[PDB]
>>> print(open('final01.cif').read())   # mmCIF, N, CA and C atoms
data_my_file
#
loop_
_atom_site.group_PDB
_atom_site.id
_atom_site.type_symbol
_atom_site.label_atom_id
_atom_site.label_comp_id
_atom_site.auth_asym_id
_atom_site.auth_seq_id
_atom_site.Cartn_x
_atom_site.Cartn_y
_atom_site.Cartn_z
ATOM 1 N N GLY A 1 5.125 -3.887 1.091
ATOM 2 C CA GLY A 1 5.890 -2.671 0.890
ATOM 3 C C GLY A 1 5.180 -1.664 0.006
ATOM 4 N N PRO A 2 5.951 -0.801 -0.653
ATOM 5 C CA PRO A 2 5.343 0.206 -1.528
ATOM 6 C C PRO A 2 4.697 -0.435 -2.746
ATOM 7 N N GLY A 3 3.586 0.152 -3.174
ATOM 8 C CA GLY A 3 2.863 -0.378 -4.312
ATOM 9 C C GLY A 3 2.139 -1.681 -4.047
ATOM 10 N N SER A 4 1.502 -1.813 -2.894
ATOM 11 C CA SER A 4 0.874 -3.079 -2.561
ATOM 12 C C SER A 4 -0.561 -3.123 -3.080
ATOM 13 N N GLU A 5 -1.080 -4.344 -3.205
ATOM 14 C CA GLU A 5 -2.490 -4.504 -3.536
ATOM 15 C C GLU A 5 -3.382 -3.837 -2.496
ATOM 16 N N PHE A 6 -3.027 -3.961 -1.212
ATOM 17 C CA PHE A 6 -3.827 -3.357 -0.150
ATOM 18 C C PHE A 6 -3.870 -1.852 -0.301
ATOM 19 N N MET A 7 -2.713 -1.245 -0.567
ATOM 20 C CA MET A 7 -2.690 0.204 -0.712
ATOM 21 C C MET A 7 -3.564 0.644 -1.880
ATOM 22 N N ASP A 8 -3.571 -0.127 -2.968
ATOM 23 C CA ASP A 8 -4.426 0.242 -4.088
ATOM 24 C C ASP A 8 -5.897 0.074 -3.735
ATOM 25 N N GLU A 9 -6.234 -0.962 -2.963
ATOM 26 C CA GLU A 9 -7.611 -1.104 -2.485
ATOM 27 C C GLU A 9 -8.021 0.098 -1.644
ATOM 28 N N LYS A 10 -7.156 0.522 -0.723
ATOM 29 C CA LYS A 10 -7.533 1.609 0.180
ATOM 30 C C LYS A 10 -7.567 2.944 -0.549
ATOM 31 N N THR A 11 -6.683 3.133 -1.530
ATOM 32 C CA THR A 11 -6.719 4.366 -2.311
ATOM 33 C C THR A 11 -7.994 4.439 -3.134
ATOM 34 N N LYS A 12 -8.401 3.305 -3.713
ATOM 35 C CA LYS A 12 -9.655 3.245 -4.454
ATOM 36 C C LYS A 12 -10.830 3.614 -3.557
ATOM 37 N N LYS A 13 -10.844 3.085 -2.330
ATOM 38 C CA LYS A 13 -11.917 3.400 -1.394
ATOM 39 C C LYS A 13 -11.901 4.881 -1.034
ATOM 40 N N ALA A 14 -10.716 5.435 -0.786
ATOM 41 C CA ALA A 14 -10.647 6.858 -0.446
ATOM 42 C C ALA A 14 -11.099 7.741 -1.603
ATOM 43 N N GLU A 15 -10.760 7.369 -2.838
ATOM 44 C CA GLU A 15 -11.232 8.153 -3.978
ATOM 45 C C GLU A 15 -12.753 8.101 -4.108
ATOM 46 N N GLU A 16 -13.350 6.926 -3.895
ATOM 47 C CA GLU A 16 -14.809 6.811 -3.858
ATOM 48 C C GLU A 16 -15.407 7.748 -2.821
ATOM 49 N N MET A 17 -14.828 7.762 -1.619
ATOM 50 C CA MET A 17 -15.370 8.598 -0.554
ATOM 51 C C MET A 17 -15.209 10.071 -0.875
ATOM 52 N N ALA A 18 -14.112 10.450 -1.543
ATOM 53 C CA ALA A 18 -13.979 11.847 -1.941
ATOM 54 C C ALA A 18 -15.046 12.230 -2.958
ATOM 55 N N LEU A 19 -15.324 11.344 -3.915
ATOM 56 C CA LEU A 19 -16.380 11.608 -4.886
ATOM 57 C C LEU A 19 -17.746 11.662 -4.208
ATOM 58 N N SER A 20 -17.975 10.798 -3.210
ATOM 59 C CA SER A 20 -19.247 10.818 -2.483
ATOM 60 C C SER A 20 -19.396 12.109 -1.685
ATOM 61 N N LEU A 21 -18.300 12.589 -1.100
ATOM 62 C CA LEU A 21 -18.333 13.890 -0.437
ATOM 63 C C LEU A 21 -18.707 14.998 -1.412
ATOM 64 N N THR A 22 -18.059 15.030 -2.585
ATOM 65 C CA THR A 22 -18.341 16.077 -3.563
ATOM 66 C C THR A 22 -19.815 16.085 -3.952
ATOM 67 N N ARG A 23 -20.364 14.905 -4.260
ATOM 68 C CA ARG A 23 -21.763 14.819 -4.676
ATOM 69 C C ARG A 23 -22.695 15.224 -3.545
ATOM 70 N N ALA A 24 -22.429 14.736 -2.330
ATOM 71 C CA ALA A 24 -23.277 15.081 -1.193
ATOM 72 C C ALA A 24 -23.273 16.574 -0.937
ATOM 73 N N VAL A 25 -22.096 17.199 -0.975
ATOM 74 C CA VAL A 25 -22.038 18.635 -0.758
ATOM 75 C C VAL A 25 -22.799 19.377 -1.848
ATOM 76 N N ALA A 26 -22.618 18.971 -3.106
ATOM 77 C CA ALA A 26 -23.279 19.650 -4.216
ATOM 78 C C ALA A 26 -24.797 19.562 -4.118
ATOM 79 N N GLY A 27 -25.314 18.456 -3.603
ATOM 80 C CA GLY A 27 -26.743 18.247 -3.471
ATOM 81 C C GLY A 27 -27.347 18.654 -2.147
ATOM 82 N N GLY A 28 -26.553 19.219 -1.242
ATOM 83 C CA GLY A 28 -27.066 19.619 0.054
ATOM 84 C C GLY A 28 -27.383 18.478 0.994
ATOM 85 N N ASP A 29 -26.742 17.323 0.814
ATOM 86 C CA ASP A 29 -26.976 16.146 1.655
ATOM 87 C C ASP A 29 -26.047 16.241 2.861
ATOM 88 N N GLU A 30 -26.510 16.946 3.895
ATOM 89 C CA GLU A 30 -25.645 17.287 5.020
ATOM 90 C C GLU A 30 -25.215 16.053 5.804
ATOM 91 N N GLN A 31 -26.114 15.073 5.972
ATOM 92 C CA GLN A 31 -25.760 13.899 6.764
ATOM 93 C C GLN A 31 -24.694 13.066 6.070
ATOM 94 N N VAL A 32 -24.842 12.844 4.766
ATOM 95 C CA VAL A 32 -23.849 12.064 4.039
ATOM 96 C C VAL A 32 -22.529 12.829 3.950
ATOM 97 N N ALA A 33 -22.590 14.145 3.732
ATOM 98 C CA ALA A 33 -21.355 14.925 3.691
ATOM 99 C C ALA A 33 -20.571 14.791 4.991
ATOM 100 N N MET A 34 -21.252 14.880 6.136
ATOM 101 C CA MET A 34 -20.547 14.749 7.408
ATOM 102 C C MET A 34 -19.948 13.356 7.581
ATOM 103 N N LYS A 35 -20.707 12.303 7.246
ATOM 104 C CA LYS A 35 -20.172 10.951 7.408
ATOM 105 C C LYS A 35 -18.984 10.710 6.483
ATOM 106 N N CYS A 36 -19.021 11.256 5.260
ATOM 107 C CA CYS A 36 -17.869 11.138 4.366
ATOM 108 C C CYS A 36 -16.652 11.865 4.937
ATOM 109 N N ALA A 37 -16.857 13.066 5.477
ATOM 110 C CA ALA A 37 -15.724 13.809 6.029
ATOM 111 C C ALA A 37 -15.152 13.116 7.262
ATOM 112 N N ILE A 38 -16.012 12.562 8.128
ATOM 113 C CA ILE A 38 -15.541 11.787 9.283
ATOM 114 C C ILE A 38 -14.651 10.643 8.827
ATOM 115 N N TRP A 39 -15.117 9.883 7.837
ATOM 116 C CA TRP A 39 -14.365 8.731 7.360
ATOM 117 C C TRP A 39 -13.008 9.161 6.821
ATOM 118 N N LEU A 40 -12.998 10.210 5.997
ATOM 119 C CA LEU A 40 -11.745 10.699 5.432
ATOM 120 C C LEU A 40 -10.788 11.161 6.520
ATOM 121 N N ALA A 41 -11.307 11.852 7.534
ATOM 122 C CA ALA A 41 -10.438 12.335 8.602
ATOM 123 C C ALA A 41 -9.894 11.185 9.448
ATOM 124 N N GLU A 42 -10.724 10.178 9.733
ATOM 125 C CA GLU A 42 -10.259 9.010 10.482
ATOM 126 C C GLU A 42 -9.082 8.345 9.785
ATOM 127 N N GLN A 43 -9.097 8.315 8.456
ATOM 128 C CA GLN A 43 -8.026 7.688 7.697
ATOM 129 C C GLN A 43 -6.857 8.621 7.423
ATOM 130 N N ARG A 44 -6.987 9.905 7.760
ATOM 131 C CA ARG A 44 -5.937 10.902 7.548
ATOM 132 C C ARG A 44 -5.452 10.888 6.100
ATOM 133 N N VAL A 45 -6.415 10.861 5.188
ATOM 134 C CA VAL A 45 -6.143 10.857 3.746
ATOM 135 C C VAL A 45 -5.525 12.189 3.345
ATOM 136 N N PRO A 46 -4.463 12.215 2.514
ATOM 137 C CA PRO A 46 -3.934 13.497 2.022
ATOM 138 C C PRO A 46 -4.838 14.103 0.962
ATOM 139 N N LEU A 47 -5.880 14.773 1.416
ATOM 140 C CA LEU A 47 -6.957 15.239 0.563
ATOM 141 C C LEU A 47 -6.748 16.711 0.239
ATOM 142 N N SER A 48 -6.990 17.083 -1.014
ATOM 143 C CA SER A 48 -7.044 18.483 -1.422
ATOM 144 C C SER A 48 -8.479 18.850 -1.756
ATOM 145 N N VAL A 49 -9.076 19.764 -0.979
ATOM 146 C CA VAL A 49 -10.448 20.212 -1.205
ATOM 147 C C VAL A 49 -10.395 21.655 -1.688
ATOM 148 N N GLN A 50 -10.818 21.895 -2.927
ATOM 149 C CA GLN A 50 -10.869 23.251 -3.468
ATOM 150 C C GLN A 50 -12.254 23.553 -4.025
ATOM 151 N N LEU A 51 -12.529 24.834 -4.234
ATOM 152 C CA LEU A 51 -13.763 25.172 -4.912
ATOM 153 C C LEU A 51 -13.641 24.783 -6.380
ATOM 154 N N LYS A 52 -14.714 24.209 -6.920
ATOM 155 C CA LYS A 52 -14.726 23.798 -8.327
ATOM 156 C C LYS A 52 -14.650 25.012 -9.244
ATOM 157 N N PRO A 53 -13.813 24.986 -10.272
ATOM 158 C CA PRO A 53 -13.715 26.132 -11.179
ATOM 159 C C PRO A 53 -14.889 26.208 -12.142
ATOM 160 N N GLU A 54 -15.189 27.441 -12.559
ATOM 161 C CA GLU A 54 -16.181 27.688 -13.597
ATOM 162 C C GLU A 54 -15.545 27.418 -14.953
ATOM 163 N N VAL A 55 -16.065 26.422 -15.676
ATOM 164 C CA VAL A 55 -15.406 25.949 -16.893
ATOM 165 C C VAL A 55 -16.343 25.945 -18.100
ATOM 166 N N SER A 56 -17.531 26.535 -17.961
ATOM 167 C CA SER A 56 -18.538 26.447 -19.016
ATOM 168 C C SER A 56 -18.101 27.231 -20.264
ATOM 169 N N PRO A 57 -18.546 26.808 -21.472
ATOM 170 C CA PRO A 57 -17.903 27.176 -22.750
ATOM 171 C C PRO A 57 -17.736 28.671 -22.994
ATOM 172 N N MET B 7 -15.115 39.387 -4.300
ATOM 173 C CA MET B 7 -15.140 38.199 -3.449
ATOM 174 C C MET B 7 -16.033 38.418 -2.227
ATOM 175 N N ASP B 8 -17.276 37.951 -2.322
ATOM 176 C CA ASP B 8 -18.268 38.195 -1.286
ATOM 177 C C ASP B 8 -17.924 37.425 -0.012
ATOM 178 N N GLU B 9 -18.631 37.766 1.070
ATOM 179 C CA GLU B 9 -18.345 37.150 2.363
ATOM 180 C C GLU B 9 -18.678 35.662 2.367
ATOM 181 N N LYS B 10 -19.655 35.241 1.570
ATOM 182 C CA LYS B 10 -19.993 33.829 1.549
ATOM 183 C C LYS B 10 -18.936 33.028 0.801
ATOM 184 N N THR B 11 -18.398 33.587 -0.285
ATOM 185 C CA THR B 11 -17.320 32.906 -1.000
ATOM 186 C C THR B 11 -16.048 32.847 -0.159
ATOM 187 N N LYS B 12 -15.738 33.933 0.558
ATOM 188 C CA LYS B 12 -14.597 33.916 1.471
ATOM 189 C C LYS B 12 -14.752 32.811 2.500
ATOM 190 N N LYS B 13 -15.947 32.677 3.085
ATOM 191 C CA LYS B 13 -16.128 31.619 4.074
ATOM 192 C C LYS B 13 -16.021 30.234 3.440
ATOM 193 N N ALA B 14 -16.566 30.055 2.229
ATOM 194 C CA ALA B 14 -16.440 28.768 1.545
ATOM 195 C C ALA B 14 -14.980 28.404 1.326
ATOM 196 N N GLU B 15 -14.169 29.378 0.909
ATOM 197 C CA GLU B 15 -12.748 29.105 0.718
ATOM 198 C C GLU B 15 -12.068 28.771 2.038
ATOM 199 N N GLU B 16 -12.441 29.480 3.114
ATOM 200 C CA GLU B 16 -11.915 29.166 4.442
ATOM 201 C C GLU B 16 -12.297 27.755 4.864
ATOM 202 N N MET B 17 -13.547 27.364 4.614
ATOM 203 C CA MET B 17 -14.020 26.031 4.993
ATOM 204 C C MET B 17 -13.340 24.936 4.180
ATOM 205 N N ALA B 18 -13.084 25.187 2.892
ATOM 206 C CA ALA B 18 -12.382 24.197 2.077
ATOM 207 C C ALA B 18 -10.965 23.974 2.584
ATOM 208 N N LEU B 19 -10.259 25.059 2.912
ATOM 209 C CA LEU B 19 -8.921 24.925 3.484
ATOM 210 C C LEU B 19 -8.968 24.246 4.844
ATOM 211 N N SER B 20 -9.956 24.598 5.670
ATOM 212 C CA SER B 20 -10.059 23.994 6.993
ATOM 213 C C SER B 20 -10.370 22.513 6.894
ATOM 214 N N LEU B 21 -11.241 22.135 5.948
ATOM 215 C CA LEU B 21 -11.542 20.726 5.729
ATOM 216 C C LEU B 21 -10.303 19.973 5.273
ATOM 217 N N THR B 22 -9.534 20.572 4.358
ATOM 218 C CA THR B 22 -8.292 19.948 3.901
ATOM 219 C C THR B 22 -7.348 19.664 5.066
ATOM 220 N N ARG B 23 -7.102 20.669 5.910
ATOM 221 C CA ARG B 23 -6.188 20.458 7.028
ATOM 222 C C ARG B 23 -6.774 19.496 8.054
ATOM 223 N N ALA B 24 -8.096 19.559 8.275
ATOM 224 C CA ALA B 24 -8.738 18.687 9.256
ATOM 225 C C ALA B 24 -8.639 17.226 8.847
ATOM 226 N N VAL B 25 -8.881 16.924 7.574
ATOM 227 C CA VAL B 25 -8.803 15.533 7.138
ATOM 228 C C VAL B 25 -7.372 15.020 7.278
ATOM 229 N N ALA B 26 -6.395 15.810 6.818
ATOM 230 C CA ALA B 26 -5.000 15.384 6.901
ATOM 231 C C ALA B 26 -4.564 15.164 8.345
ATOM 232 N N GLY B 27 -5.048 15.989 9.266
ATOM 233 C CA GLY B 27 -4.674 15.886 10.663
ATOM 234 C C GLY B 27 -5.536 14.984 11.511
ATOM 235 N N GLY B 28 -6.514 14.316 10.912
ATOM 236 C CA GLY B 28 -7.380 13.432 11.667
ATOM 237 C C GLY B 28 -8.343 14.129 12.600
ATOM 238 N N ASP B 29 -8.727 15.365 12.290
ATOM 239 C CA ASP B 29 -9.585 16.168 13.166
ATOM 240 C C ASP B 29 -11.030 15.977 12.725
ATOM 241 N N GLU B 30 -11.707 15.004 13.344
ATOM 242 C CA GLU B 30 -13.030 14.590 12.882
ATOM 243 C C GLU B 30 -14.079 15.669 13.106
ATOM 244 N N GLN B 31 -14.072 16.302 14.280
ATOM 245 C CA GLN B 31 -15.100 17.292 14.581
ATOM 246 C C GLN B 31 -14.988 18.497 13.655
ATOM 247 N N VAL B 32 -13.765 18.978 13.414
ATOM 248 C CA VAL B 32 -13.590 20.096 12.489
ATOM 249 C C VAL B 32 -13.998 19.689 11.078
ATOM 250 N N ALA B 33 -13.597 18.490 10.647
ATOM 251 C CA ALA B 33 -14.006 18.004 9.332
ATOM 252 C C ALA B 33 -15.528 17.990 9.195
ATOM 253 N N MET B 34 -16.226 17.466 10.214
ATOM 254 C CA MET B 34 -17.688 17.454 10.216
ATOM 255 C C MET B 34 -18.261 18.854 10.055
ATOM 256 N N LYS B 35 -17.761 19.788 10.864
ATOM 257 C CA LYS B 35 -18.276 21.149 10.858
ATOM 258 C C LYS B 35 -18.065 21.815 9.505
ATOM 259 N N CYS B 36 -16.926 21.556 8.863
ATOM 260 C CA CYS B 36 -16.673 22.192 7.577
ATOM 261 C C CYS B 36 -17.558 21.584 6.500
ATOM 262 N N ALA B 37 -17.694 20.259 6.518
ATOM 263 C CA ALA B 37 -18.488 19.584 5.504
ATOM 264 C C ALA B 37 -19.957 19.984 5.579
ATOM 265 N N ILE B 38 -20.499 20.132 6.790
ATOM 266 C CA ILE B 38 -21.919 20.444 6.867
ATOM 267 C C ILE B 38 -22.170 21.866 6.384
ATOM 268 N N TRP B 39 -21.243 22.787 6.648
ATOM 269 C CA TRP B 39 -21.414 24.146 6.150
ATOM 270 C C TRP B 39 -21.361 24.174 4.630
ATOM 271 N N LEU B 40 -20.358 23.510 4.049
ATOM 272 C CA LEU B 40 -20.253 23.468 2.596
ATOM 273 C C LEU B 40 -21.494 22.836 1.973
ATOM 274 N N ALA B 41 -22.007 21.773 2.594
ATOM 275 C CA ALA B 41 -23.180 21.090 2.064
ATOM 276 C C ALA B 41 -24.419 21.971 2.143
ATOM 277 N N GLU B 42 -24.594 22.684 3.255
ATOM 278 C CA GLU B 42 -25.762 23.549 3.381
ATOM 279 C C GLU B 42 -25.758 24.629 2.302
ATOM 280 N N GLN B 43 -24.574 25.154 1.965
ATOM 281 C CA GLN B 43 -24.435 26.142 0.907
ATOM 282 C C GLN B 43 -24.340 25.523 -0.484
ATOM 283 N N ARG B 44 -24.294 24.190 -0.581
ATOM 284 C CA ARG B 44 -24.209 23.472 -1.850
ATOM 285 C C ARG B 44 -23.055 23.984 -2.706
ATOM 286 N N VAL B 45 -21.892 24.095 -2.076
ATOM 287 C CA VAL B 45 -20.680 24.561 -2.751
ATOM 288 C C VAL B 45 -20.173 23.498 -3.724
ATOM 289 N N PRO B 46 -20.045 23.805 -5.014
ATOM 290 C CA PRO B 46 -19.388 22.861 -5.928
ATOM 291 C C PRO B 46 -17.906 22.772 -5.600
ATOM 292 N N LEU B 47 -17.436 21.546 -5.366
ATOM 293 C CA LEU B 47 -16.086 21.298 -4.897
ATOM 294 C C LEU B 47 -15.317 20.482 -5.921
ATOM 295 N N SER B 48 -14.001 20.648 -5.891
ATOM 296 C CA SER B 48 -13.053 19.792 -6.594
ATOM 297 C C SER B 48 -12.216 19.127 -5.516
ATOM 298 N N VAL B 49 -12.347 17.815 -5.366
ATOM 299 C CA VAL B 49 -11.706 17.105 -4.273
ATOM 300 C C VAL B 49 -10.837 16.021 -4.887
ATOM 301 N N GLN B 50 -9.564 15.993 -4.510
ATOM 302 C CA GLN B 50 -8.713 14.928 -5.024
ATOM 303 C C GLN B 50 -7.620 14.589 -4.021
ATOM 304 N N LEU B 51 -7.154 13.346 -4.072
ATOM 305 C CA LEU B 51 -6.038 12.961 -3.224
ATOM 306 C C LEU B 51 -4.746 13.590 -3.732
ATOM 307 N N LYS B 52 -3.915 14.044 -2.800
ATOM 308 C CA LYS B 52 -2.574 14.510 -3.137
ATOM 309 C C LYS B 52 -1.685 13.335 -3.527
#
>>> encode(input="final01.cif", output="structure tokens")
Amino acid sequence: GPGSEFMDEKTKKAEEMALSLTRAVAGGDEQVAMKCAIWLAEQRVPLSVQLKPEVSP
Amino acid sequence: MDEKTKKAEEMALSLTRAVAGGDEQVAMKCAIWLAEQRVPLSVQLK
């Protein structure tokens, strides 16, 4: 049911993939960015993608 | 707001909707454009 170990495993994996997408995009790694986006879309993750804010001092 | 930033914002929104809707080809197309432009992104699960 809700709050399962499996759901936490899959959420952890989806968060990893979102971080991998962010890094790949930032570094211009087009092949990895596409594979990360494919994976996220296959899983229909409720993802929010925004432009990173300028936060420097 | 330059034309490249406008497109980046469009691609981020399109990627968001594509992932939620399971649209793999659109997700691919948005991600490769963002990556080529090296757009700094903030990505998080809702």
>>> residues_around(input="final01.cif", residues="region 12-27 of chain B", least_positions_apart="4", cutoff="8 Å", atoms="all atoms listed in the file", output="ChimeraX atom specification")
/A:37-51 /B:7-8,31-37,39-40,45
>>> atom_distance(input="final01.cif", atom1="CA of residue 5 (chain A)", atom2="CA of residue 32 (chain A)")
28.1 Å
>>> select_by_dssp(input="final01.cif", residues="chain B", states="strand (DSSP E or B)", output="PyMOL selection string")
chain B and resi 47-51
>>> atom_distance(input="final01.cif", atom1="CA of residue 48 (chain B)", atom2="CA of residue 52 (chain A)")
4.7 Å
>>> atom_distance(input="final01.cif", atom1="atom N of residue 36 (chain A)", atom2="CA of residue 17 (chain A)")
7.4 Å
>>> resolve_selection(input="final01.cif", expression="the PyMOL selection byres (((chain A and resi 24 and name CA) around 12) and name CA)", output="ChimeraX atom specification")
/A:17-23,25-37 /B:37-47
>>> axis_aligned_box(input="final01.cif", around="region 36-52 of chain B", padding_each_side="6 Å", output="AutoDock Vina command-line options")
--center_x -13.7 --center_y 19.6 --center_z 1.1 --size_x 36.1 --size_y 25.2 --size_z 27.5
>>> decode(input="final01.cif", residues="chain A", atoms="C-alpha atoms", output="short mmCIF file (atom, residue, chain, number, x, y, z; two decimals), in the first residue's frame")
data_model
loop_
_atom_site.label_atom_id
_atom_site.label_comp_id
_atom_site.auth_asym_id
_atom_site.auth_seq_id
_atom_site.Cartn_x
_atom_site.Cartn_y
_atom_site.Cartn_z
CA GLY A 1 0.00 0.00 0.00
CA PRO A 2 1.01 3.62 0.55
CA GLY A 3 4.46 4.21 1.97
CA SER A 4 5.98 0.95 0.79
CA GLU A 5 9.63 -0.03 0.70
CA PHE A 6 9.29 -0.51 -3.07
CA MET A 7 7.93 2.98 -3.56
CA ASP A 8 10.85 4.41 -1.60
CA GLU A 9 13.29 2.39 -3.72
CA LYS A 10 11.72 3.69 -6.94
CA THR A 11 11.55 7.28 -5.69
CA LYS A 12 15.24 7.09 -4.77
CA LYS A 13 16.02 5.83 -8.28
CA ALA A 14 13.95 8.58 -9.90
CA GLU A 15 15.69 11.25 -7.82
CA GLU A 16 19.08 9.86 -8.92
CA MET A 17 17.98 10.02 -12.55
CA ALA A 18 16.77 13.60 -12.14
CA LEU A 19 20.16 14.57 -10.70
CA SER A 20 21.90 12.72 -13.56
CA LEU A 21 19.77 14.64 -16.06
CA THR A 22 20.69 17.96 -14.42
CA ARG A 23 24.42 17.18 -14.49
CA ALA A 24 24.34 15.86 -18.06
CA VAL A 25 22.49 18.92 -19.31
CA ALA A 26 24.84 21.28 -17.47
CA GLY A 27 27.89 19.57 -18.99
CA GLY A 28 26.54 19.27 -22.53
CA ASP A 29 26.36 15.46 -22.38
CA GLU A 30 23.63 15.08 -24.98
CA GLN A 31 23.57 11.26 -25.07
CA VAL A 32 23.23 10.86 -21.31
CA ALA A 33 20.67 13.67 -21.11
CA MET A 34 18.47 11.94 -23.69
CA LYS A 35 18.73 8.53 -21.99
CA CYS A 36 17.85 10.09 -18.62
CA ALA A 37 14.83 11.86 -20.12
CA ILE A 38 13.67 8.63 -21.85
CA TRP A 39 13.87 6.75 -18.55
CA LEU A 40 11.97 9.46 -16.67
CA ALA A 41 9.26 9.60 -19.32
CA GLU A 42 8.86 5.80 -19.42
CA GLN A 43 8.18 5.89 -15.67
CA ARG A 44 5.85 8.93 -15.95
CA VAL A 45 7.57 10.52 -12.96
CA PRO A 46 5.85 13.73 -11.68
CA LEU A 47 8.89 15.82 -12.51
CA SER A 48 9.26 19.60 -12.26
CA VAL A 49 11.97 20.94 -14.60
CA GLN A 50 12.78 24.64 -14.18
CA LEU A 51 15.67 26.90 -15.04
CA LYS A 52 18.13 27.10 -12.15
CA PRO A 53 17.99 30.47 -10.35
CA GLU A 54 20.94 32.83 -10.09
CA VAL A 55 21.85 32.72 -6.40
CA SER A 56 25.45 33.98 -6.23
CA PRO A 57 26.26 36.27 -3.24
#
